[PDB]
């Protein structure tokens, strides 16, 4: 799951939302989702999850964004899907390029120790992924 404060861009409206506001208000936003060939597409959120307070780790990405997620949350990388907690400085994660809107890869500059945060998840229709702080992450249903 993803930490409070995680920014989620809605490509249909152009609005960026904090994930806790999306969940707390059951907001019918779209997200940017990735398909298996690396193309990006707008897809609606269909479920909203409040996952409680948990440890989250931080992945600071080239460009300056920091993704805060539980160590078990899956991130799309140069290797395929990997748990956030298994990633190291120098690994490359899939990102949405903020100027072009297409998928590229960016290097992890730093891994940050845990902090306690409220956490959340979203289920995204069809593609089961979303862009969070610019990074392609899993958005499935357990």
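Residue numbers count along the first chain shown, from 1.
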Q | 32-40 or 103-111, whichever carries the higher mean Cα B-factor | A | 32-40
Q: Could you settle it for me: does 57-65 or 83-91 have the higher average Cα B factor in the PDB entry?
A: 83-91
Q) For the listed 136, 2, 8, 139, which has the peak Cα B-factor recorded in the PDB entry? A) 139
Q.
Between 27, 73, 116, 96, which one tops the list for Cα B-factor in this entry?
A. 116
(Q) Lowest, middle or highest third: which one holds residue 77 when the chain's residues are ordered by CA B-factor from the entry? (A) lowest
